[PDB]
Amino acid sequence: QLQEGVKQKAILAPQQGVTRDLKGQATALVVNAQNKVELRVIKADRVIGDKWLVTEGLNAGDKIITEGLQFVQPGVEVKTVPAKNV
Amino acid sequence: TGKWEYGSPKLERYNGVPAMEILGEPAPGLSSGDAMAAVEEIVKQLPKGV
Amino acid sequence: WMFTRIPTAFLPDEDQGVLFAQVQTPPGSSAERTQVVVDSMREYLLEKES
């Protein structure tokens, strides 16, 4: 069980935030300070426990959608309530 | 090596050719033949081969 | 001009006794997210709808 490195100040997104599209890349619906939903290009490959260990697009402070990826399309003003599932 | 794709989880056919099914409802207070006419009017824009 | 007005129906609306509540979680969901939706719907339809 040899250790192969730490990633200092990493980002962990759940499966509910990271869904994929027709081209083969990964997407993640984030919100802004303007309270609009925005689709940015996330890059996730490794699953630790359950959370994706991402390397691109998301920094500290963003808020990803985890309930309601069907009711919400990118461009809709939303209100934020914290999650009910992990 | 792995690669993610995007495919359909239910492919259905109809008389030997593939299709997709809808479940339509008429307007409240309107006849069913009126809704059938108003939903066969929409088929005048589908691509050549559908 | 009284029979022209009213809409046509195939069968009247009946108090059959059952109701269907089919759900669809967002794509890429496991079974336990569907069960968390289902059992919460179940305890709502039994606790406040006794």
# chains A, B, ... in the order shown; residues from 1 in each chain; ligands from 1
call {"tool": "closest_atom_pairs", "arguments": {"of": "chain C", "to": "chain B", "cutoff": "8 Å", "atoms": "only C-alpha atoms", "output": "CSV"}}
result
residue,atom,partner,partner_atom,distance
C:6,CA,B:29,CA,7.9
C:7,CA,B:31,CA,5.1
C:8,CA,B:31,CA,5.1
C:9,CA,B:31,CA,7.0
call {"tool": "interface_residues", "arguments": {"of": "chain A", "to": "chain B", "cutoff": "9 Å", "atoms": "only C-alpha atoms", "output": "list in words"}}
result
residues 20, 21, 22, 23, 24, 25 and 26 of chain A
call {"tool": "closest_atom_pairs", "arguments": {"of": "chain A", "to": "chain C", "cutoff": "9 Å", "atoms": "only C-alpha atoms", "output": "tab-separated table"}}
result
residue	atom	partner	partner_atom	distance
A:15	CA	C:28	CA	8.3
A:16	CA	C:29	CA	8.0
A:19	CA	C:28	CA	7.3
A:20	CA	C:28	CA	8.9
A:68	CA	C:26	CA	8.0
A:69	CA	C:26	CA	6.6
A:70	CA	C:26	CA	6.4
A:85	CA	C:33	CA	8.6
call {"tool": "select_by_dssp", "arguments": {"residues": "chain C", "states": "alpha helix (DSSP H)", "output": "list in words"}}
result
residues 31, 32, 33, 34, 35, 36, 37, 38, 39, 40, 41, 42, 43, 44, 45, 46 and 47 of chain C
call {"tool": "write_last_selection", "arguments": {"atoms": "C-alpha atoms", "output": "PDB file, in the first residue's frame"}}
result
ATOM      1  CA  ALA C  31     -30.261   3.011  -6.767  1.00  0.00           C
ATOM      2  CA  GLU C  32     -29.998   4.622  -3.337  1.00  0.00           C
ATOM      3  CA  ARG C  33     -30.708   8.159  -4.596  1.00  0.00           C
ATOM      4  CA  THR C  34     -33.910   6.806  -6.150  1.00  0.00           C
ATOM      5  CA  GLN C  35     -34.686   5.085  -2.842  1.00  0.00           C
ATOM      6  CA  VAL C  36     -34.102   8.342  -0.909  1.00  0.00           C
ATOM      7  CA  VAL C  37     -36.599  10.054  -3.235  1.00  0.00           C
ATOM      8  CA  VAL C  38     -39.051   7.130  -3.002  1.00  0.00           C
ATOM      9  CA  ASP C  39     -39.126   6.609   0.774  1.00  0.00           C
ATOM     10  CA  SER C  40     -39.484  10.348   1.433  1.00  0.00           C
ATOM     11  CA  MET C  41     -42.399  10.431  -1.031  1.00  0.00           C
ATOM     12  CA  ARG C  42     -43.800   7.358   0.746  1.00  0.00           C
ATOM     13  CA  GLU C  43     -43.603   8.856   4.232  1.00  0.00           C
ATOM     14  CA  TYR C  44     -45.180  12.068   2.929  1.00  0.00           C
ATOM     15  CA  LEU C  45     -48.072  10.143   1.371  1.00  0.00           C
ATOM     16  CA  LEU C  46     -48.565   8.147   4.584  1.00  0.00           C
ATOM     17  CA  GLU C  47     -47.836  10.688   7.331  1.00  0.00           C
TER      18      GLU C  47
END
call {"tool": "select_by_dssp", "arguments": {"residues": "chain A", "states": "strand (DSSP E)", "output": "MDAnalysis selection string"}}
result
chainID A and resid 11:13 18:20 26:31 37:42 44:48 51:54 63:64
call {"tool": "write_last_selection", "arguments": {"atoms": "N, CA and C atoms", "output": "PDB file, in the first residue's frame"}}
result
ATOM      1  N   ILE A  11      -9.417  19.778  -4.700  1.00  0.00           N
ATOM      2  CA  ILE A  11     -10.848  20.026  -4.821  1.00  0.00           C
ATOM      3  C   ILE A  11     -11.538  18.677  -4.963  1.00  0.00           C
ATOM      4  N   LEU A  12     -12.624  18.469  -4.221  1.00  0.00           N
ATOM      5  CA  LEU A  12     -13.388  17.227  -4.306  1.00  0.00           C
ATOM      6  C   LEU A  12     -14.846  17.548  -4.601  1.00  0.00           C
ATOM      7  N   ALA A  13     -15.317  17.150  -5.781  1.00  0.00           N
ATOM      8  CA  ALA A  13     -16.705  17.306  -6.185  1.00  0.00           C
ATOM      9  C   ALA A  13     -17.427  15.963  -6.156  1.00  0.00           C
ATOM     10  N   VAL A  18     -20.972  16.434 -10.972  1.00  0.00           N
ATOM     11  CA  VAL A  18     -20.180  16.147 -12.162  1.00  0.00           C
ATOM     12  C   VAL A  18     -20.970  15.163 -13.016  1.00  0.00           C
ATOM     13  N   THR A  19     -21.598  15.675 -14.069  1.00  0.00           N
ATOM     14  CA  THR A  19     -22.221  14.865 -15.102  1.00  0.00           C
ATOM     15  C   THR A  19     -21.556  15.176 -16.435  1.00  0.00           C
ATOM     16  N   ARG A  20     -21.744  14.286 -17.404  1.00  0.00           N
ATOM     17  CA  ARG A  20     -20.995  14.345 -18.648  1.00  0.00           C
ATOM     18  C   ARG A  20     -21.930  14.525 -19.837  1.00  0.00           C
ATOM     19  N   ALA A  26     -16.382  16.419 -19.295  1.00  0.00           N
ATOM     20  CA  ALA A  26     -17.191  16.488 -18.090  1.00  0.00           C
ATOM     21  C   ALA A  26     -17.643  17.919 -17.843  1.00  0.00           C
ATOM     22  N   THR A  27     -18.855  18.061 -17.309  1.00  0.00           N
ATOM     23  CA  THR A  27     -19.435  19.361 -17.009  1.00  0.00           C
ATOM     24  C   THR A  27     -19.822  19.423 -15.539  1.00  0.00           C
ATOM     25  N   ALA A  28     -19.994  20.647 -15.047  1.00  0.00           N
ATOM     26  CA  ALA A  28     -20.394  20.875 -13.663  1.00  0.00           C
ATOM     27  C   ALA A  28     -21.097  22.219 -13.586  1.00  0.00           C
ATOM     28  N   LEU A  29     -22.378  22.204 -13.230  1.00  0.00           N
ATOM     29  CA  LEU A  29     -23.172  23.425 -13.153  1.00  0.00           C
ATOM     30  C   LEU A  29     -22.808  24.174 -11.877  1.00  0.00           C
ATOM     31  N   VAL A  30     -22.237  25.366 -12.023  1.00  0.00           N
ATOM     32  CA  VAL A  30     -21.905  26.207 -10.885  1.00  0.00           C
ATOM     33  C   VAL A  30     -22.803  27.435 -10.907  1.00  0.00           C
ATOM     34  N   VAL A  31     -22.926  28.074  -9.749  1.00  0.00           N
ATOM     35  CA  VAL A  31     -23.629  29.341  -9.631  1.00  0.00           C
ATOM     36  C   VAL A  31     -22.600  30.443  -9.403  1.00  0.00           C
ATOM     37  N   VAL A  37     -26.941  30.330 -12.968  1.00  0.00           N
ATOM     38  CA  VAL A  37     -26.248  29.058 -13.125  1.00  0.00           C
ATOM     39  C   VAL A  37     -25.365  29.111 -14.365  1.00  0.00           C
ATOM     40  N   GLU A  38     -24.160  28.560 -14.247  1.00  0.00           N
ATOM     41  CA  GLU A  38     -23.171  28.610 -15.314  1.00  0.00           C
ATOM     42  C   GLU A  38     -22.551  27.234 -15.481  1.00  0.00           C
ATOM     43  N   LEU A  39     -22.421  26.792 -16.729  1.00  0.00           N
ATOM     44  CA  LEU A  39     -21.818  25.504 -17.054  1.00  0.00           C
ATOM     45  C   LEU A  39     -20.364  25.744 -17.444  1.00  0.00           C
ATOM     46  N   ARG A  40     -19.439  25.264 -16.619  1.00  0.00           N
ATOM     47  CA  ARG A  40     -18.020  25.315 -16.933  1.00  0.00           C
ATOM     48  C   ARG A  40     -17.485  23.904 -17.136  1.00  0.00           C
ATOM     49  N   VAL A  41     -16.310  23.818 -17.756  1.00  0.00           N
ATOM     50  CA  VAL A  41     -15.749  22.545 -18.192  1.00  0.00           C
ATOM     51  C   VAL A  41     -14.852  22.020 -17.076  1.00  0.00           C
ATOM     52  N   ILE A  42     -15.360  21.041 -16.334  1.00  0.00           N
ATOM     53  CA  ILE A  42     -14.591  20.384 -15.287  1.00  0.00           C
ATOM     54  C   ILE A  42     -13.846  19.190 -15.885  1.00  0.00           C
ATOM     55  N   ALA A  44     -12.485  15.651 -14.495  1.00  0.00           N
ATOM     56  CA  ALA A  44     -12.467  14.695 -13.398  1.00  0.00           C
ATOM     57  C   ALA A  44     -12.166  13.304 -13.934  1.00  0.00           C
ATOM     58  N   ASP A  45     -11.226  12.619 -13.300  1.00  0.00           N
ATOM     59  CA  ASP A  45     -10.906  11.256 -13.708  1.00  0.00           C
ATOM     60  C   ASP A  45     -10.907  10.253 -12.563  1.00  0.00           C
ATOM     61  N   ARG A  46     -10.470  10.652 -11.372  1.00  0.00           N
ATOM     62  CA  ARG A  46     -10.242   9.729 -10.268  1.00  0.00           C
ATOM     63  C   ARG A  46     -11.331   9.869  -9.212  1.00  0.00           C
ATOM     64  N   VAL A  47     -11.831   8.734  -8.735  1.00  0.00           N
ATOM     65  CA  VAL A  47     -12.872   8.676  -7.716  1.00  0.00           C
ATOM     66  C   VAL A  47     -12.243   8.137  -6.440  1.00  0.00           C
ATOM     67  N   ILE A  48     -12.176   8.964  -5.399  1.00  0.00           N
ATOM     68  CA  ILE A  48     -11.700   8.529  -4.089  1.00  0.00           C
ATOM     69  C   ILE A  48     -12.883   8.522  -3.122  1.00  0.00           C
ATOM     70  N   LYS A  51     -16.015  11.007  -4.030  1.00  0.00           N
ATOM     71  CA  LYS A  51     -15.865  12.332  -4.610  1.00  0.00           C
ATOM     72  C   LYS A  51     -14.812  12.338  -5.712  1.00  0.00           C
ATOM     73  N   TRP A  52     -15.121  13.032  -6.805  1.00  0.00           N
ATOM     74  CA  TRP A  52     -14.179  13.179  -7.906  1.00  0.00           C
ATOM     75  C   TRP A  52     -13.045  14.116  -7.508  1.00  0.00           C
ATOM     76  N   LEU A  53     -11.817  13.730  -7.838  1.00  0.00           N
ATOM     77  CA  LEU A  53     -10.633  14.540  -7.553  1.00  0.00           C
ATOM     78  C   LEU A  53     -10.317  15.328  -8.817  1.00  0.00           C
ATOM     79  N   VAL A  54     -10.764  16.577  -8.866  1.00  0.00           N
ATOM     80  CA  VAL A  54     -10.708  17.345 -10.099  1.00  0.00           C
ATOM     81  C   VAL A  54      -9.449  18.203 -10.113  1.00  0.00           C
ATOM     82  N   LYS A  63     -19.802  27.039  -6.017  1.00  0.00           N
ATOM     83  CA  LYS A  63     -20.905  26.251  -5.484  1.00  0.00           C
ATOM     84  C   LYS A  63     -21.533  25.474  -6.628  1.00  0.00           C
ATOM     85  N   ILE A  64     -21.480  24.145  -6.552  1.00  0.00           N
ATOM     86  CA  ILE A  64     -21.951  23.290  -7.635  1.00  0.00           C
ATOM     87  C   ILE A  64     -23.346  22.777  -7.314  1.00  0.00           C
TER      88      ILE A  64
END
call {"tool": "atom_distance", "arguments": {"atom1": "CA of residue 20 (chain C)", "atom2": "CA of residue 86 (chain A)"}}
result
28.7 Å
call {"tool": "atom_distance", "arguments": {"atom1": "CA of residue 81 (chain A)", "atom2": "CA of residue 67 (chain A)"}}
result
9.6 Å
call {"tool": "atom_distance", "arguments": {"atom1": "CA of residue 17 (chain A)", "atom2": "CA of residue 23 (chain C)"}}
result
19.9 Å
call {"tool": "residues_around", "arguments": {"residues": "residue 25 (chain B)", "least_positions_apart": "2", "cutoff": "8 Å", "atoms": "only C-alpha atoms", "output": "ChimeraX atom specification"}}
result
/B:23,27,35
call {"tool": "write_last_selection", "arguments": {"atoms": "N, CA, C and O atoms", "output": "short mmCIF file (atom, residue, chain, number, x, y, z; two decimals), in the first residue's frame"}}
result
data_model
loop_
_atom_site.label_atom_id
_atom_site.label_comp_id
_atom_site.auth_asym_id
_atom_site.auth_seq_id
_atom_site.Cartn_x
_atom_site.Cartn_y
_atom_site.Cartn_z
N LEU B 23 -46.13 10.59 -25.14
CA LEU B 23 -47.39 10.36 -24.43
C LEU B 23 -48.10 11.70 -24.36
O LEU B 23 -47.91 12.47 -23.41
N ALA B 27 -55.85 19.24 -24.95
CA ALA B 27 -56.10 20.42 -24.14
C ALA B 27 -57.39 20.24 -23.34
O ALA B 27 -58.30 19.52 -23.77
N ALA B 35 -56.76 17.44 -31.12
CA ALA B 35 -55.38 17.27 -30.67
C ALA B 35 -54.58 16.40 -31.63
O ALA B 35 -53.39 16.64 -31.83
#
call {"tool": "decode", "arguments": {"residues": "chain C", "atoms": "C-alpha atoms", "output": "PDB file, in the first residue's frame"}}
result
ATOM      1  CA  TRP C   1     -75.402  24.499 -32.159  1.00  0.00           C
ATOM      2  CA  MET C   2     -75.598  22.770 -28.748  1.00  0.00           C
ATOM      3  CA  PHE C   3     -74.021  19.485 -29.890  1.00  0.00           C
ATOM      4  CA  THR C   4     -71.341  21.394 -31.822  1.00  0.00           C
ATOM      5  CA  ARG C   5     -70.103  23.002 -28.590  1.00  0.00           C
ATOM      6  CA  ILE C   6     -69.333  20.213 -26.086  1.00  0.00           C
ATOM      7  CA  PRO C   7     -66.085  18.192 -26.286  1.00  0.00           C
ATOM      8  CA  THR C   8     -65.857  14.515 -27.168  1.00  0.00           C
ATOM      9  CA  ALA C   9     -64.343  11.937 -24.820  1.00  0.00           C
ATOM     10  CA  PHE C  10     -63.544   8.254 -25.227  1.00  0.00           C
ATOM     11  CA  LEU C  11     -64.248   7.175 -21.621  1.00  0.00           C
ATOM     12  CA  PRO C  12     -65.352   9.161 -18.557  1.00  0.00           C
ATOM     13  CA  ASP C  13     -63.039   9.928 -15.667  1.00  0.00           C
ATOM     14  CA  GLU C  14     -63.325   7.239 -12.993  1.00  0.00           C
ATOM     15  CA  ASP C  15     -62.411   6.935  -9.321  1.00  0.00           C
ATOM     16  CA  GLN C  16     -60.440   3.766  -9.999  1.00  0.00           C
ATOM     17  CA  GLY C  17     -58.722   3.646  -6.599  1.00  0.00           C
ATOM     18  CA  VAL C  18     -55.039   3.745  -7.619  1.00  0.00           C
ATOM     19  CA  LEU C  19     -52.607   6.478  -8.616  1.00  0.00           C
ATOM     20  CA  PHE C  20     -49.259   6.151 -10.385  1.00  0.00           C
ATOM     21  CA  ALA C  21     -46.230   8.133  -9.206  1.00  0.00           C
ATOM     22  CA  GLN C  22     -43.365   7.265 -11.557  1.00  0.00           C
ATOM     23  CA  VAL C  23     -40.117   9.148 -10.886  1.00  0.00           C
ATOM     24  CA  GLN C  24     -36.898   9.766 -12.826  1.00  0.00           C
ATOM     25  CA  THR C  25     -33.677  10.756 -11.067  1.00  0.00           C
ATOM     26  CA  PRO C  26     -31.096  12.698 -13.151  1.00  0.00           C
ATOM     27  CA  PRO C  27     -28.979  10.514 -15.461  1.00  0.00           C
ATOM     28  CA  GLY C  28     -26.031   8.769 -13.884  1.00  0.00           C
ATOM     29  CA  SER C  29     -27.821   8.064 -10.599  1.00  0.00           C
ATOM     30  CA  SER C  30     -27.471   4.933  -8.494  1.00  0.00           C
ATOM     31  CA  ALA C  31     -30.261   3.011  -6.767  1.00  0.00           C
ATOM     32  CA  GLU C  32     -29.998   4.622  -3.337  1.00  0.00           C
ATOM     33  CA  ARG C  33     -30.708   8.159  -4.596  1.00  0.00           C
ATOM     34  CA  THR C  34     -33.910   6.806  -6.150  1.00  0.00           C
ATOM     35  CA  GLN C  35     -34.686   5.085  -2.842  1.00  0.00           C
ATOM     36  CA  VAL C  36     -34.102   8.342  -0.909  1.00  0.00           C
ATOM     37  CA  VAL C  37     -36.599  10.054  -3.235  1.00  0.00           C
ATOM     38  CA  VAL C  38     -39.051   7.130  -3.002  1.00  0.00           C
ATOM     39  CA  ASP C  39     -39.126   6.609   0.774  1.00  0.00           C
ATOM     40  CA  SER C  40     -39.484  10.348   1.433  1.00  0.00           C
ATOM     41  CA  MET C  41     -42.399  10.431  -1.031  1.00  0.00           C
ATOM     42  CA  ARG C  42     -43.800   7.358   0.746  1.00  0.00           C
ATOM     43  CA  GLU C  43     -43.603   8.856   4.232  1.00  0.00           C
ATOM     44  CA  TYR C  44     -45.180  12.068   2.929  1.00  0.00           C
ATOM     45  CA  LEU C  45     -48.072  10.143   1.371  1.00  0.00           C
ATOM     46  CA  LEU C  46     -48.565   8.147   4.584  1.00  0.00           C
ATOM     47  CA  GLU C  47     -47.836  10.688   7.331  1.00  0.00           C
ATOM     48  CA  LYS C  48     -49.687  13.819   6.163  1.00  0.00           C
ATOM     49  CA  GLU C  49     -52.061  11.956   3.827  1.00  0.00           C
ATOM     50  CA  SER C  50     -53.524   9.406   6.230  1.00  0.00           C
TER      51      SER C  50
END
